[PDB]
$ cat model_3.cif   # mmCIF, C-alpha atoms
data_query
#
loop_
_atom_site.group_PDB
_atom_site.id
_atom_site.type_symbol
_atom_site.label_atom_id
_atom_site.label_comp_id
_atom_site.auth_asym_id
_atom_site.auth_seq_id
_atom_site.Cartn_x
_atom_site.Cartn_y
_atom_site.Cartn_z
ATOM 1 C CA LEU S 1 10.675 0.306 -10.548
ATOM 2 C CA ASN S 2 10.487 4.040 -11.363
ATOM 3 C CA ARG S 3 10.075 7.403 -9.587
ATOM 4 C CA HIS S 4 6.266 7.250 -9.908
ATOM 5 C CA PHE S 5 5.589 6.895 -6.186
ATOM 6 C CA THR S 6 4.418 9.565 -3.762
ATOM 7 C CA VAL S 7 2.818 9.727 -0.315
ATOM 8 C CA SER S 8 0.003 11.748 1.255
ATOM 9 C CA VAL S 9 -0.684 12.288 4.944
ATOM 10 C CA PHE S 10 -3.880 13.448 6.599
ATOM 11 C CA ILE S 11 -2.897 14.768 10.014
ATOM 12 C CA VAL S 12 -5.447 15.056 12.807
ATOM 13 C CA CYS S 13 -5.107 17.234 15.911
ATOM 14 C CA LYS S 14 -7.896 16.666 18.447
ATOM 15 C CA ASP S 15 -10.984 17.285 16.293
ATOM 16 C CA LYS S 16 -9.534 18.805 13.109
ATOM 17 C CA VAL S 17 -7.497 17.720 10.072
ATOM 18 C CA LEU S 18 -4.728 19.649 8.288
ATOM 19 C CA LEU S 19 -4.503 20.622 4.608
ATOM 20 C CA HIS S 20 -2.349 23.130 2.736
ATOM 21 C CA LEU S 21 -2.748 25.134 -0.481
ATOM 22 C CA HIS S 22 -0.570 23.433 -3.084
ATOM 23 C CA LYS S 23 0.140 26.737 -4.881
ATOM 24 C CA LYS S 24 0.599 26.888 -8.669
ATOM 25 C CA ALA S 25 -2.593 24.870 -8.263
ATOM 26 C CA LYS S 26 -5.087 26.783 -6.119
ATOM 27 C CA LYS S 27 -6.465 23.773 -4.217
ATOM 28 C CA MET S 28 -6.314 22.417 -0.659
ATOM 29 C CA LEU S 29 -4.394 19.134 -0.300
ATOM 30 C CA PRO S 30 -2.945 16.959 2.458
ATOM 31 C CA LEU S 31 0.785 17.135 3.080
ATOM 32 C CA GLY S 32 2.915 14.826 0.952
ATOM 33 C CA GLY S 33 5.400 14.488 -1.881
ATOM 34 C CA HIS S 34 7.854 12.157 -3.590
ATOM 35 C CA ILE S 35 9.533 9.267 -1.809
ATOM 36 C CA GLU S 36 13.322 9.379 -1.840
ATOM 37 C CA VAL S 37 14.996 6.408 -3.476
ATOM 38 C CA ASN S 38 16.060 4.062 -0.679
ATOM 39 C CA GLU S 39 13.451 5.725 1.564
ATOM 40 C CA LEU S 40 10.415 3.928 3.025
ATOM 41 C CA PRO S 41 7.004 5.400 2.134
ATOM 42 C CA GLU S 42 6.415 5.862 5.877
ATOM 43 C CA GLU S 43 9.666 7.758 6.421
ATOM 44 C CA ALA S 44 8.603 9.980 3.522
ATOM 45 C CA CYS S 45 5.379 10.809 5.381
ATOM 46 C CA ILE S 46 7.337 11.678 8.508
ATOM 47 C CA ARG S 47 9.768 13.970 6.678
ATOM 48 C CA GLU S 48 7.110 15.658 4.549
ATOM 49 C CA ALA S 49 5.104 16.380 7.696
ATOM 50 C CA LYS S 50 8.204 18.040 9.175
ATOM 51 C CA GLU S 51 9.166 19.900 6.001
ATOM 52 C CA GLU S 52 5.692 21.121 5.034
ATOM 53 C CA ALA S 53 4.329 21.927 8.495
ATOM 54 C CA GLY S 54 7.189 21.559 10.981
ATOM 55 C CA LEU S 55 5.218 18.798 12.676
ATOM 56 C CA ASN S 56 6.129 15.620 14.521
ATOM 57 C CA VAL S 57 3.447 13.028 13.759
ATOM 58 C CA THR S 58 2.213 9.582 14.752
ATOM 59 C CA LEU S 59 1.123 7.457 11.810
ATOM 60 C CA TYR S 60 -1.908 5.240 12.325
ATOM 61 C CA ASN S 61 -0.410 1.750 12.325
ATOM 62 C CA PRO S 62 -2.536 -1.248 13.366
ATOM 63 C CA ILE S 63 0.075 -3.941 13.946
ATOM 64 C CA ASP S 64 -0.525 -7.494 12.714
ATOM 65 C CA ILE S 65 1.604 -8.938 15.546
ATOM 66 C CA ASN S 66 1.668 -12.458 14.085
ATOM 67 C CA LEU S 67 3.183 -11.198 10.850
ATOM 68 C CA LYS S 68 5.430 -8.622 12.538
ATOM 69 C CA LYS S 69 7.133 -11.214 14.758
ATOM 70 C CA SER S 70 7.391 -13.886 12.063
ATOM 71 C CA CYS S 71 8.888 -11.279 9.721
ATOM 72 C CA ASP S 72 11.588 -10.269 12.208
ATOM 73 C CA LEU S 73 12.583 -13.924 12.603
ATOM 74 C CA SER S 74 12.780 -14.312 8.829
ATOM 75 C CA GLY S 75 15.100 -11.305 8.825
ATOM 76 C CA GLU S 76 12.440 -9.035 7.310
ATOM 77 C CA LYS S 77 10.392 -6.116 8.631
ATOM 78 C CA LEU S 78 6.657 -5.506 8.456
ATOM 79 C CA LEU S 79 6.159 -1.859 7.534
ATOM 80 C CA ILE S 80 3.207 0.444 8.127
ATOM 81 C CA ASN S 81 0.708 -0.157 5.325
ATOM 82 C CA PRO S 82 -1.063 2.749 3.564
ATOM 83 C CA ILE S 83 -4.770 3.307 4.265
ATOM 84 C CA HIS S 84 -5.489 3.812 0.572
ATOM 85 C CA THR S 85 -3.645 3.718 -2.736
ATOM 86 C CA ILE S 86 -4.566 6.255 -5.411
ATOM 87 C CA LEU S 87 -3.429 6.912 -8.984
ATOM 88 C CA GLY S 88 -2.739 10.596 -9.595
ATOM 89 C CA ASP S 89 -2.290 12.441 -12.872
ATOM 90 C CA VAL S 90 -1.431 15.936 -11.725
ATOM 91 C CA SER S 91 0.774 17.609 -9.118
ATOM 92 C CA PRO S 92 3.266 16.163 -9.879
ATOM 93 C CA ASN S 93 2.248 16.396 -13.539
ATOM 94 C CA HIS S 94 3.070 12.812 -14.471
ATOM 95 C CA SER S 95 1.167 9.629 -13.644
ATOM 96 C CA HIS S 96 1.952 8.506 -10.121
ATOM 97 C CA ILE S 97 0.838 6.218 -7.335
ATOM 98 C CA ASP S 98 -0.002 7.966 -4.087
ATOM 99 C CA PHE S 99 0.152 6.021 -0.827
ATOM 100 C CA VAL S 100 -2.248 7.629 1.636
ATOM 101 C CA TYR S 101 -1.634 7.584 5.386
ATOM 102 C CA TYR S 102 -3.562 8.999 8.337
ATOM 103 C CA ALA S 103 -1.783 10.336 11.422
ATOM 104 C CA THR S 104 -2.077 12.450 14.555
ATOM 105 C CA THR S 105 -0.109 15.416 15.931
ATOM 106 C CA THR S 106 -0.160 17.351 19.227
ATOM 107 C CA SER S 107 -0.669 21.030 18.317
ATOM 108 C CA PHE S 108 -2.333 23.182 15.665
ATOM 109 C CA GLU S 109 0.769 25.335 15.435
ATOM 110 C CA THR S 110 2.644 24.854 12.170
ATOM 111 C CA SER S 111 5.911 26.116 10.723
ATOM 112 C CA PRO S 112 6.588 25.148 7.079
ATOM 113 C CA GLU S 113 10.186 25.006 5.928
ATOM 114 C CA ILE S 114 11.580 27.244 3.185
ATOM 115 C CA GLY S 115 9.763 27.260 -0.136
ATOM 116 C CA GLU S 116 6.880 25.092 1.061
ATOM 117 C CA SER S 117 3.236 26.187 0.900
ATOM 118 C CA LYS S 118 2.631 28.763 3.642
ATOM 119 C CA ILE S 119 -1.167 28.459 3.733
ATOM 120 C CA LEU S 120 -2.161 25.678 6.132
ATOM 121 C CA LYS S 121 -5.650 25.292 7.566
ATOM 122 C CA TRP S 122 -7.324 22.953 10.039
ATOM 123 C CA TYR S 123 -10.800 21.644 9.241
ATOM 124 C CA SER S 124 -13.572 20.322 11.457
ATOM 125 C CA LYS S 125 -15.848 17.556 10.218
ATOM 126 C CA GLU S 126 -18.327 20.421 9.851
ATOM 127 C CA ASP S 127 -16.021 22.456 7.611
ATOM 128 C CA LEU S 128 -16.646 19.757 5.017
ATOM 129 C CA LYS S 129 -19.152 20.795 2.342
ATOM 130 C CA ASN S 130 -18.345 24.410 3.236
ATOM 131 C CA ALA S 131 -15.100 24.863 1.288
ATOM 132 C CA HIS S 132 -14.968 25.528 -2.461
ATOM 133 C CA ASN S 133 -11.332 24.671 -3.119
ATOM 134 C CA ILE S 134 -11.113 21.056 -1.940
ATOM 135 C CA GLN S 135 -11.548 18.109 -4.330
ATOM 136 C CA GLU S 136 -14.291 15.669 -3.327
ATOM 137 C CA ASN S 137 -11.996 12.672 -2.719
ATOM 138 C CA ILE S 138 -9.845 14.828 -0.444
ATOM 139 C CA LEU S 139 -12.980 15.811 1.477
ATOM 140 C CA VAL S 140 -13.776 12.130 1.895
ATOM 141 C CA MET S 141 -10.354 11.037 3.136
ATOM 142 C CA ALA S 142 -10.067 13.990 5.509
ATOM 143 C CA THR S 143 -13.419 12.933 6.954
ATOM 144 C CA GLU S 144 -12.323 9.307 7.249
ATOM 145 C CA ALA S 145 -9.146 10.482 8.984
ATOM 146 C CA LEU S 146 -11.279 12.439 11.461
ATOM 147 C CA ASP S 147 -13.737 9.582 12.031
ATOM 148 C CA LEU S 148 -10.786 7.273 12.686
ATOM 149 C CA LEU S 149 -8.631 9.543 14.832
ATOM 150 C CA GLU S 150 -11.625 11.247 16.477
ATOM 151 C CA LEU Q 1 16.110 6.204 -10.858
ATOM 152 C CA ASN Q 2 15.025 2.570 -10.725
ATOM 153 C CA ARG Q 3 13.521 1.295 -7.473
ATOM 154 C CA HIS Q 4 13.439 -2.516 -7.754
ATOM 155 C CA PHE Q 5 10.056 -2.722 -6.021
ATOM 156 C CA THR Q 6 8.594 -6.216 -5.894
ATOM 157 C CA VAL Q 7 5.173 -7.769 -5.359
ATOM 158 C CA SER Q 8 3.941 -10.969 -3.721
ATOM 159 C CA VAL Q 9 0.595 -12.615 -4.401
ATOM 160 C CA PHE Q 10 -0.978 -15.447 -2.425
ATOM 161 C CA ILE Q 11 -3.589 -17.142 -4.621
ATOM 162 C CA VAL Q 12 -6.467 -19.095 -3.089
ATOM 163 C CA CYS Q 13 -8.548 -21.712 -4.926
ATOM 164 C CA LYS Q 14 -11.310 -23.403 -2.923
ATOM 165 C CA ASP Q 15 -9.585 -24.245 0.372
ATOM 166 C CA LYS Q 16 -5.944 -24.164 -0.740
ATOM 167 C CA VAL Q 17 -3.301 -21.495 -1.309
ATOM 168 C CA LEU Q 18 -0.634 -21.576 -4.022
ATOM 169 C CA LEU Q 19 3.143 -21.446 -3.534
ATOM 170 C CA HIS Q 20 6.045 -22.270 -5.834
ATOM 171 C CA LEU Q 21 9.562 -23.506 -5.165
ATOM 172 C CA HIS Q 22 12.731 -21.437 -5.327
ATOM 173 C CA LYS Q 23 15.009 -24.421 -5.952
ATOM 174 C CA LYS Q 24 17.947 -22.285 -4.838
ATOM 175 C CA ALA Q 25 17.844 -22.143 -1.034
ATOM 176 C CA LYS Q 26 14.676 -24.245 -1.217
ATOM 177 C CA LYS Q 27 11.697 -22.629 0.505
ATOM 178 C CA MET Q 28 8.225 -22.225 -0.964
ATOM 179 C CA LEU Q 29 7.228 -18.662 -1.788
ATOM 180 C CA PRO Q 30 4.123 -16.869 -3.031
ATOM 181 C CA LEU Q 31 4.066 -15.855 -6.685
ATOM 182 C CA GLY Q 32 5.586 -12.501 -7.553
ATOM 183 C CA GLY Q 33 8.706 -10.698 -8.626
ATOM 184 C CA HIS Q 34 9.939 -7.346 -9.837
ATOM 185 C CA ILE Q 35 7.652 -4.591 -11.067
ATOM 186 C CA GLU Q 36 8.171 -3.407 -14.655
ATOM 187 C CA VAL Q 37 8.916 0.207 -15.462
ATOM 188 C CA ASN Q 38 5.569 2.022 -15.666
ATOM 189 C CA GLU Q 39 3.565 -0.898 -14.292
ATOM 190 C CA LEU Q 40 1.227 -0.758 -11.284
ATOM 191 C CA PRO Q 41 2.028 -3.210 -8.473
ATOM 192 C CA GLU Q 42 -1.430 -4.759 -8.868
ATOM 193 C CA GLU Q 43 -0.819 -5.196 -12.601
ATOM 194 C CA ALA Q 44 2.485 -6.871 -11.763
ATOM 195 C CA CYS Q 45 0.572 -9.369 -9.591
ATOM 196 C CA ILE Q 46 -1.877 -10.261 -12.359
ATOM 197 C CA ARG Q 47 1.014 -10.480 -14.807
ATOM 198 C CA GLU Q 48 3.155 -12.745 -12.637
ATOM 199 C CA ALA Q 49 0.235 -15.040 -11.815
ATOM 200 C CA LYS Q 50 -0.170 -15.562 -15.556
ATOM 201 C CA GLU Q 51 3.561 -16.004 -16.187
ATOM 202 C CA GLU Q 52 4.496 -18.089 -13.145
ATOM 203 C CA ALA Q 53 1.349 -20.202 -12.982
ATOM 204 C CA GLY Q 54 -0.640 -19.633 -16.161
ATOM 205 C CA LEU Q 55 -3.498 -18.378 -14.013
ATOM 206 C CA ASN Q 56 -6.093 -15.630 -14.309
ATOM 207 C CA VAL Q 57 -6.730 -14.299 -10.800
ATOM 208 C CA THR Q 58 -8.916 -11.746 -9.048
ATOM 209 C CA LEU Q 59 -7.222 -9.613 -6.396
ATOM 210 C CA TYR Q 60 -8.882 -9.052 -3.060
ATOM 211 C CA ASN Q 61 -10.188 -5.502 -3.358
ATOM 212 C CA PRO Q 62 -12.584 -4.314 -0.638
ATOM 213 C CA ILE Q 63 -14.087 -1.174 -2.138
ATOM 214 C CA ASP Q 64 -14.286 2.083 -0.186
ATOM 215 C CA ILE Q 65 -17.532 3.166 -1.885
ATOM 216 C CA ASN Q 66 -17.529 6.869 -1.036
ATOM 217 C CA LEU Q 67 -13.842 7.149 -1.902
ATOM 218 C CA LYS Q 68 -14.124 5.292 -5.215
ATOM 219 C CA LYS Q 69 -16.969 7.561 -6.344
ATOM 220 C CA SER Q 70 -15.328 10.784 -5.162
ATOM 221 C CA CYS Q 71 -12.023 9.804 -6.805
ATOM 222 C CA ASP Q 72 -13.818 9.454 -10.131
ATOM 223 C CA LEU Q 73 -15.134 12.962 -9.401
ATOM 224 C CA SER Q 74 -11.614 14.279 -8.846
ATOM 225 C CA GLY Q 75 -9.862 12.898 -11.906
ATOM 226 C CA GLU Q 76 -8.038 10.212 -9.936
ATOM 227 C CA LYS Q 77 -8.443 6.472 -9.464
ATOM 228 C CA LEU Q 78 -8.825 4.432 -6.292
ATOM 229 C CA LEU Q 79 -6.504 1.456 -6.687
ATOM 230 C CA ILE Q 80 -6.299 -1.895 -4.925
ATOM 231 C CA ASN Q 81 -4.484 -1.376 -1.608
ATOM 232 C CA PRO Q 82 -1.659 -3.787 -0.761
ATOM 233 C CA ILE Q 83 -2.620 -6.135 2.091
ATOM 234 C CA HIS Q 84 0.803 -5.608 3.655
ATOM 235 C CA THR Q 85 4.055 -3.829 2.889
ATOM 236 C CA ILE Q 86 7.286 -5.604 3.760
ATOM 237 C CA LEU Q 87 10.982 -4.762 3.709
ATOM 238 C CA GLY Q 88 12.961 -7.845 2.737
ATOM 239 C CA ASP Q 89 15.295 -9.648 0.350
ATOM 240 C CA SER Q 95 16.865 -5.171 0.840
ATOM 241 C CA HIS Q 96 13.760 -3.986 -1.006
ATOM 242 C CA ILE Q 97 10.089 -3.117 -0.534
ATOM 243 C CA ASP Q 98 7.561 -5.824 -1.347
ATOM 244 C CA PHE Q 99 3.849 -5.131 -1.794
ATOM 245 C CA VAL Q 100 1.733 -8.107 -0.730
ATOM 246 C CA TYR Q 101 -1.675 -8.894 -2.224
ATOM 247 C CA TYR Q 102 -4.047 -11.829 -1.759
ATOM 248 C CA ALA Q 103 -6.213 -13.192 -4.574
ATOM 249 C CA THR Q 104 -8.502 -15.938 -5.808
ATOM 250 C CA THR Q 105 -8.621 -18.124 -8.913
ATOM 251 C CA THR Q 106 -11.153 -20.676 -10.152
ATOM 252 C CA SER Q 107 -9.010 -23.650 -11.198
ATOM 253 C CA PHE Q 108 -6.194 -25.689 -9.636
ATOM 254 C CA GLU Q 109 -4.412 -26.427 -12.918
ATOM 255 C CA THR Q 110 -1.182 -24.462 -13.268
ATOM 256 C CA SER Q 111 1.245 -24.027 -16.180
ATOM 257 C CA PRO Q 112 4.408 -21.919 -15.664
ATOM 258 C CA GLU Q 113 6.184 -20.270 -18.587
ATOM 259 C CA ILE Q 114 9.839 -21.024 -19.303
ATOM 260 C CA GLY Q 115 12.259 -19.102 -17.087
ATOM 261 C CA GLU Q 116 9.920 -19.465 -14.129
ATOM 262 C CA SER Q 117 9.907 -21.796 -11.098
ATOM 263 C CA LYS Q 118 8.617 -25.148 -12.319
ATOM 264 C CA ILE Q 119 7.406 -26.542 -9.000
ATOM 265 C CA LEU Q 120 3.984 -25.267 -7.936
ATOM 266 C CA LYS Q 121 1.960 -26.662 -5.024
ATOM 267 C CA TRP Q 122 -1.461 -26.043 -3.449
ATOM 268 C CA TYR Q 123 -1.727 -26.062 0.345
ATOM 269 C CA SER Q 124 -4.636 -26.585 2.717
ATOM 270 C CA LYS Q 125 -4.145 -25.324 6.287
ATOM 271 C CA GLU Q 126 -3.045 -28.845 7.282
ATOM 272 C CA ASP Q 127 -0.561 -28.963 4.387
ATOM 273 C CA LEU Q 128 0.909 -25.629 5.523
ATOM 274 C CA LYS Q 129 1.361 -26.925 9.083
ATOM 275 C CA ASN Q 130 3.048 -30.104 7.802
ATOM 276 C CA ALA Q 131 5.433 -28.569 5.231
ATOM 277 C CA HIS Q 132 9.175 -28.518 5.944
ATOM 278 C CA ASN Q 133 10.239 -25.772 3.544
ATOM 279 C CA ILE Q 134 8.043 -22.769 4.334
ATOM 280 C CA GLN Q 135 9.332 -19.787 6.333
ATOM 281 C CA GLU Q 136 7.211 -18.562 9.223
ATOM 282 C CA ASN Q 137 6.243 -15.197 7.744
ATOM 283 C CA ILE Q 138 5.128 -16.979 4.557
ATOM 284 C CA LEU Q 139 3.096 -19.403 6.667
ATOM 285 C CA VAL Q 140 1.344 -16.508 8.403
ATOM 286 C CA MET Q 141 0.421 -14.718 5.168
ATOM 287 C CA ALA Q 142 -0.624 -17.917 3.409
ATOM 288 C CA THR Q 143 -2.924 -18.598 6.364
ATOM 289 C CA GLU Q 144 -4.340 -15.070 6.272
ATOM 290 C CA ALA Q 145 -5.088 -15.436 2.556
ATOM 291 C CA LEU Q 146 -6.885 -18.703 3.293
ATOM 292 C CA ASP Q 147 -8.820 -17.322 6.272
ATOM 293 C CA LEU Q 148 -9.857 -14.250 4.285
ATOM 294 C CA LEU Q 149 -10.556 -15.876 0.894
ATOM 295 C CA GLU Q 150 -11.401 -19.566 1.327
#
$ encode --input "model_3.cif" --output "structure tokens"
Amino acid sequence: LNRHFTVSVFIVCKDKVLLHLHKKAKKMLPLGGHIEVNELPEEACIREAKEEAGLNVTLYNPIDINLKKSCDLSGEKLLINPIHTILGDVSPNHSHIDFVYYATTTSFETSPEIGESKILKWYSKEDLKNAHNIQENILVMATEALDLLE
Amino acid sequence: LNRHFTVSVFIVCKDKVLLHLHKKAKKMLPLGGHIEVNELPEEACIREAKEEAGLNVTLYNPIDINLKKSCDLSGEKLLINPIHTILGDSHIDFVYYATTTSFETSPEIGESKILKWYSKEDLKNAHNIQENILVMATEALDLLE
């Protein structure tokens, strides 16, 4: 019931996944940020991907057709579910729930919007244990994203 | 800024799933309700199961081993993922499935008084259960029975 909800998106292009340097916190992280009030967590992923990397993405969304159709009838809508749900304590510096999504994009080219982190890098499954500025759980999810989206 | 997020929990005991009646507009619904300020959706589920049915439950939580361990190594926590996320009434509802060990229920005051356990046959024969609720109740049963 409070602004303690954020989203994270691991974007895969062919055989690599994208991360960006948070800044004011020298560490590589997936794109993401707060969810606007009256905004769906999935729409937040889409906008953050556009704002932080100028990318159009395709969220991984395995549809449960039975529930999707029954929901529509009932006047409701089955949304894309997060892959994982994590409790964060920093960046933002207040306790928050982070809904993690995996997605794909067409090109490695990126163009962050004003004031966003300008250091974006693509990583191969090999460039895993090689970095020294990527938290372990981020290394794991980036790898899962790659294993899932090739 | 308040969000009004809600949660839904389908509780399975043996081969039956639990639903309670919303006298107004009829219809049987899973347990759940609004999420308190500073409360995790999963905590809301455990809380509402206790308040609406006087039940201790265990939420379905398939553990991503490598992620759980690494999270503990990063200063974060891997939480229980919702089974589904639905937009309805307009608000976002996080759906979870769970188990309990006993059929006996006891709702607190200010909570729906009519609780009922359903087998798959019972679900098919009911006259007051919406289709989407039928589908999720069946999934809970198929996954947890």
$ resolve_selection --input "model_3.cif" --expression "the PyMOL selection byres ((chain Q and resi 44) around 8)" --output "ChimeraX atom specification"
/Q:7,32-36,39-43,45-48
$ resolve_selection --input "model_3.cif" --expression "the PyMOL selection byres ((chain Q) within 10 of (chain S))" --output "number ranges by chain"
Q: 1-6, 34-41, 64, 66-89, 95-99, 135-141, 144
$ residues_near_point --input "model_3.cif" --point "(0.1, -23.8, 5.1)" --cutoff "8 Å" --atoms "all atoms listed in the file" --output "list in words"
residues 17, 123, 124, 125, 126, 127, 128, 129, 130, 131, 139, 142 and 143 of chain Q
$ residues_around --input "model_3.cif" --residues "residue 118 in chain Q" --least-positions-apart "5" --cutoff "12 Å" --atoms "all atoms listed in the file" --output "ChimeraX atom specification"
/Q:19-23,28,31,51-54,110-113
$ resolve_selection --input "model_3.cif" --expression "the PyMOL selection byres ((chain S and resi 116-127) around 10)" --output "NGL selection string"
:S and (11-24 or 28-31 or 51-53 or 108-115 or 128-131 or 139 or 142-147 or 150)
$ atom_distance --input "model_3.cif" --atom1 "CA of residue 145 in chain Q" --atom2 "CA of residue 115 in chain Q"
26.5 Å
$ atom_distance --input "model_3.cif" --atom1 "CA of residue 60 in chain S" --atom2 "CA of residue 8 in chain S"
13.0 Å
$ atom_distance --input "model_3.cif" --atom1 "CA of residue 29 in chain Q" --atom2 "CA of residue 146 in chain Q"
15.0 Å
$ residues_around --input "model_3.cif" --residues "residue 18 in chain Q" --least-positions-apart "6" --cutoff "7 Å" --atoms "all atoms listed in the file" --output "PyMOL selection string"
chain Q and resi 10-12+30+121-123
$ residues_near_point --input "model_3.cif" --point "(11.9, 14.2, 1.5)" --cutoff "6 Å" --atoms "all atoms listed in the file" --output "list in words"
residues 44, 47 and 48 of chain S
$ closest_residue --input "model_3.cif" --among "Q:116, Q:16, Q:132, Q:65" --to "residue 147 in chain Q" --atoms "all atoms listed in the file"
Q:16
$ decode --input "model_3.cif" --residues "range 116-127 of chain Q" --atoms "N, CA, C and O atoms" --output "compact mmCIF listing (two decimals), in the first residue's frame"
# COMPACT_ATOMS: atom_id res chain seq x y z
N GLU Q 116 -15.09 -10.25 9.43
CA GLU Q 116 -14.59 -11.05 8.32
C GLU Q 116 -15.73 -11.93 7.82
O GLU Q 116 -16.66 -12.24 8.57
N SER Q 117 -15.67 -12.34 6.55
CA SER Q 117 -16.71 -13.20 5.98
C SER Q 117 -16.90 -14.41 6.90
O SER Q 117 -15.93 -15.07 7.26
N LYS Q 118 -18.14 -14.70 7.25
CA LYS Q 118 -18.41 -15.81 8.15
C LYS Q 118 -18.57 -17.17 7.49
O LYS Q 118 -18.44 -18.20 8.15
N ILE Q 119 -18.87 -17.18 6.19
CA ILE Q 119 -19.08 -18.43 5.48
C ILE Q 119 -17.85 -18.93 4.74
O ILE Q 119 -17.44 -18.36 3.73
N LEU Q 120 -17.27 -20.01 5.25
CA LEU Q 120 -16.09 -20.62 4.66
C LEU Q 120 -16.46 -22.02 4.18
O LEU Q 120 -17.24 -22.71 4.83
N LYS Q 121 -15.91 -22.44 3.04
CA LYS Q 121 -16.22 -23.76 2.50
C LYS Q 121 -15.03 -24.39 1.79
O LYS Q 121 -14.28 -23.71 1.10
N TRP Q 122 -14.87 -25.70 1.98
CA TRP Q 122 -13.79 -26.46 1.34
C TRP Q 122 -14.35 -27.12 0.09
O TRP Q 122 -15.45 -27.66 0.11
N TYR Q 123 -13.58 -27.10 -1.00
CA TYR Q 123 -14.03 -27.67 -2.26
C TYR Q 123 -13.09 -28.69 -2.87
O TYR Q 123 -11.89 -28.46 -2.97
N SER Q 124 -13.65 -29.82 -3.29
CA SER Q 124 -12.88 -30.85 -3.98
C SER Q 124 -13.07 -30.41 -5.44
O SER Q 124 -13.81 -29.45 -5.69
N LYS Q 125 -12.41 -31.07 -6.38
CA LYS Q 125 -12.57 -30.68 -7.78
C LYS Q 125 -14.01 -30.87 -8.24
O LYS Q 125 -14.51 -30.09 -9.06
N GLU Q 126 -14.69 -31.88 -7.71
CA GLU Q 126 -16.09 -32.13 -8.05
C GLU Q 126 -16.94 -30.97 -7.50
O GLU Q 126 -17.81 -30.44 -8.20
N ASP Q 127 -16.69 -30.61 -6.25
CA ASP Q 127 -17.42 -29.51 -5.61
C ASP Q 127 -17.30 -28.21 -6.39
O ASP Q 127 -18.26 -27.44 -6.50
